[PDB]
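What follows is a short report on a single structure.
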Amino acid sequence: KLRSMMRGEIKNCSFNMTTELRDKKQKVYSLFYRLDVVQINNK
Amino acid sequence: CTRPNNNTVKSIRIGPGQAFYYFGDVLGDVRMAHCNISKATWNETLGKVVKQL
Amino acid sequence: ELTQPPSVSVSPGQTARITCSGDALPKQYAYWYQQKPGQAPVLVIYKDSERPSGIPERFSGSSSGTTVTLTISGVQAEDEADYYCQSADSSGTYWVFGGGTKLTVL
Amino acid sequence: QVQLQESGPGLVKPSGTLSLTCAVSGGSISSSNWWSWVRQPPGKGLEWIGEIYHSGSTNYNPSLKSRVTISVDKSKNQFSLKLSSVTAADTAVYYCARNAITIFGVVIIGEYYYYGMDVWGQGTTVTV
Ligand SMILES: *[C@@H]1O[C@H](CO)[C@@H](O[C@@H]2O[C@H](CO)[C@@H](O[C@@H]3O[C@H](CO[C@H]4O[C@H](CO)[C@@H](O)[C@H](O)[C@@H]4O)[C@@H](O)[C@H](O[C@H]4O[C@H](CO)[C@@H](O)[C@H](O)[C@@H]4O[C@H]4O[C@H](CO)[C@@H](O)[C@H](O)[C@@H]4O[C@H]4O[C@H](CO)[C@@H](O)[C@H](O)[C@@H]4O)[C@@H]3O)[C@H](O)[C@H]2NC(C)=O)[C@H](O)[C@H]1NC(C)=O
Ligand SMILES: *[C@@H]1O[C@H](CO)[C@@H](O[C@@H]2O[C@H](CO)[C@@H](O)[C@H](O)[C@H]2NC(C)=O)[C@H](O)[C@H]1NC(C)=O
Ligand SMILES: *[C@@H]1O[C@H](CO)[C@@H](O[C@@H]2O[C@H](CO)[C@@H](O)[C@H](O)[C@H]2NC(C)=O)[C@H](O)[C@H]1NC(C)=O
Ligand SMILES: *[C@@H]1O[C@H](CO)[C@@H](O)[C@H](O)[C@H]1NC(C)=O
Ligand SMILES: *[C@@H]1O[C@H](CO)[C@@H](O)[C@H](O)[C@H]1NC(C)=O
Ligand SMILES: *[C@@H]1O[C@H](CO)[C@@H](O)[C@H](O)[C@H]1NC(C)=O
């Protein structure tokens with residue numbers, strides 16, 4: 001909910017990142033920009 | 001020029017020693033990053049250019 | 001453009017929950033008003049969760065996707081008035097109003 | 001305070017243009033807010049109509065984009081609520097309106113919060 005130029009710019013995201021153990025993964029919430037991610041076609 | 005956002009960096013070990021840093025959270029609320037310039041100075045600056053052109 | 005339940009009646013001492021529906025609501029804020037009878041309708045909740053000053057804490061508000069929620073905790077009998085939700089365009093160009101809400105306590 | 005006084009015609013002949021004016025008492029319309037108009041049919045809820053900024057940027061109901069135009073008399077701190085030949089289907093109580101906002105960051109990129117619409121008009125029972 002934002003009207004300014006920064007609308008739809010920063011994107012909350014989710015992972016399954018491999019931890020330091022071989023058989024343990026991890027759901028990770030992070031932030032990214034429009035100029036870093038590409039759609040594939042919560043898409 | 002400024003990036004006026006109070007941010008937060010988190011860290012996660014992803015390998016045996018591989019621990020990377022990522023853009024965790026923003027304190028305050030989201031603000032555009034921008035740059036300022038003296039307009040009248042720059043027109044006076046650009047007026048010198050076209051004379052040389 | 002906006003869906004709103006026309007009439008919700010309660011008894012005293014309850015907690016009222018009034019919603020609105022709309023497709024721009026995942027992208028727009030929603031603002032809450034209170035038409036008391038013969039009165040200028042008073043701003044109640046702005047920015048989907050914020051009341052202004054001079055407003056009791058009985059009024060709460062939250063959002064859920066295309067649905068919002070006006071929340072009155074500890075409903076008094078004198079709070080019987082109209083309640084209007086307001087949002088704007090999906091493009092954020094023109095404002096729209098909710099339909100209407102009529103309270104009836106006791 | 002900033003007081004909204006409403007003005008316009010009275011009993012209306014059907015299918016006529018209705019230009020109306022909000023006499024803004026305490027009129028200090030510098031560039032600070034948005035100003036707007038809403039209406040209430042006499043037994044119904046409210047209807048948003050339009051919206052104006054001081055510079056001249058206007059917004060409108062798409063349902064009433066045709067028959068509605070608005071302006072502002074900043075020389076007298078007055079508004080303009082003009083209509084086309086609107087029939088007797090819109091015999092509604094008319095409200096002068098103030099969308100107050102809150103400047104968040106840079107105003108040029110439009111970085112602000114719509115505060116709630118603050119101060120109401122009076123009530124203009126237009127009979128067509
Ligand atoms: C490049 O050039 C450009 C211009 O050419 C420069 O852009 C300028 O940038 C300024 C800030 O960087 C910006 O200033 C803003 O002004 C607002 C208005 O302030 C004036 O009025 C008030 C009241 O009359 C006076 O008190 C004040 O002294 C001024 O006279 C301020 O309100 C803005 O401050 C807000 O943001 C800062 C930082 O986040 C907060 O610390 C501050 O408290 C304000 O934040 C409140 O309001 C926001 C609005 O939503 C809330 O989100 C926030 O949570 C705070 O809300 C609390 O407080 C309010 C009030 O107390 C309360 O109602 C609410 O409930 C909360 O409790 C800001 O300071 C200029 O406007 C801007 N110029 C233009 C033309 O746009 C740029 O800086 C230049 N860059 C460089 C590098 O040089
Ligand atoms: C990114 O989106 C996720 C969606 O799940 C957010 O995670 C939830 O956030 C709420 C409030 O922020 C918490 O109450 C939940 O517990 C969170 N869920 C989980 C599984 O942790 C997350 O907060 C968002 N990221 C940021 C930075 O706000
Ligand atoms: C860039 O920013 C700096 C400070 O943020 C400005 O420096 C100030 O400039 C004014 C007038 O030029 C002086 O009166 C102040 O004393 C200066 N303060 C400091 C701390 O240096 C600078 O002018 C800005 N540049 C532009 C082009 O706006
Ligand atoms: C992570 O893994 C779980 C189960 O393996 C799966 O349900 C989920 O969709 C995955 N999420 C991502 C972002 O890969
Ligand atoms: C950022 O937030 C932290 C929270 O503790 C605060 O200490 C710090 O002063 C803030 N910095 C700015 C620039 O707002
Ligand atoms: C810049 O200056 C020149 C003369 O010095 C003037 O003709 C021109 O209009 C100016 N442009 C702006 C944008 O001020």
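Going through the structure tokens in order, the chains are called A, B, and so on, while each chain numbers its residues from 1 and the ligands are numbered from 1 in the order shown.
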
Subject >> All strand (DSSP E) positions in segment 22-100 of chain D, as a PyMOL selection string >> reply: chain D and resi 22-25+34-40+47-53+58-60+68-73+78-83+93-99

Subject >> Within 10 Å of ligand 3 (only C-alpha atoms and all ligand atoms), residues as a PyMOL selection string >> reply: chain B and resi 1-2+35-39+41-42

Subject >> segment 18-21 of chain D surroundings by only C-alpha atoms, 8 Å radius, close-in-sequence under 3 positions cut, as a PyMOL selection string >> reply: chain D and resi 6-9+78-86

Write a file of the selected residues as a tab-separated table (two decimals), in the first residue's frame, keeping N, CA and C atoms.
```
chain	number	residue	atom	x	y	z
D	6	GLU	N	-20.97	26.30	2.08
D	6	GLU	CA	-21.39	25.81	0.78
D	6	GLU	C	-22.28	26.85	0.10
D	7	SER	N	-22.24	26.86	-1.23
D	7	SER	CA	-23.04	27.81	-1.99
D	7	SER	C	-23.36	27.25	-3.36
D	8	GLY	N	-24.51	27.66	-3.87
D	8	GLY	CA	-24.99	27.24	-5.17
D	8	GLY	C	-26.44	27.62	-5.35
D	9	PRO	N	-27.12	26.98	-6.30
D	9	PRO	CA	-28.54	27.30	-6.54
D	9	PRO	C	-29.47	26.72	-5.49
D	78	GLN	N	-12.27	30.00	-3.00
D	78	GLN	CA	-13.54	29.41	-3.33
D	78	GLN	C	-13.32	28.22	-4.25
D	79	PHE	N	-14.32	27.36	-4.32
D	79	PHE	CA	-14.21	26.17	-5.15
D	79	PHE	C	-15.20	26.26	-6.30
D	80	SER	N	-15.11	25.29	-7.19
D	80	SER	CA	-16.03	25.19	-8.31
D	80	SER	C	-16.49	23.76	-8.43
D	81	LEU	N	-17.78	23.53	-8.22
D	81	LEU	CA	-18.40	22.23	-8.44
D	81	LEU	C	-19.39	22.42	-9.57
D	82	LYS	N	-18.93	22.18	-10.80
D	82	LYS	CA	-19.77	22.37	-11.97
D	82	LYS	C	-20.31	21.04	-12.46
D	83	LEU	N	-21.45	21.11	-13.13
D	83	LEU	CA	-22.11	19.93	-13.65
D	83	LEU	C	-22.51	20.15	-15.09
D	84	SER	N	-22.87	19.06	-15.75
D	84	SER	CA	-23.60	19.15	-17.01
D	84	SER	C	-25.09	19.11	-16.70
D	85	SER	N	-25.90	18.91	-17.73
D	85	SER	CA	-27.35	18.86	-17.57
D	85	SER	C	-27.72	17.57	-16.85
D	86	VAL	N	-27.64	17.63	-15.53
D	86	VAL	CA	-27.93	16.50	-14.67
D	86	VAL	C	-29.41	16.51	-14.34
```

Original post:
chain D residues within 7 Å of chain C, counting only C-alpha atoms: which ones, as an MDAnalysis selection string?
Top reply: chainID D and resid 45:48 59:61 115:118 120

With a cut-off of 12 Å and counting only C-alpha atoms, select all residues of chain D in contact with chain B and give the selection as an mmCIF file with C-alpha atoms, in the first residue's frame.
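Done, and the output landed in iface_23.cif:
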```
data_model
loop_
_atom_site.group_PDB
_atom_site.id
_atom_site.type_symbol
_atom_site.label_atom_id
_atom_site.label_comp_id
_atom_site.auth_asym_id
_atom_site.auth_seq_id
_atom_site.Cartn_x
_atom_site.Cartn_y
_atom_site.Cartn_z
ATOM 1 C CA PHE D 104 5.959 11.949 4.337
ATOM 2 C CA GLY D 105 9.091 12.598 2.289
ATOM 3 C CA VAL D 106 9.769 14.347 -1.015
ATOM 4 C CA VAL D 107 6.554 15.956 -2.201
ATOM 5 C CA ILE D 108 7.598 16.007 -5.873
ATOM 6 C CA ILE D 109 7.696 12.223 -6.238
ATOM 7 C CA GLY D 110 4.407 12.151 -4.341
ATOM 8 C CA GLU D 111 5.727 10.664 -1.143
ATOM 9 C CA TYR D 112 2.989 11.420 1.339
ATOM 10 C CA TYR D 113 0.212 9.806 3.305
#
```
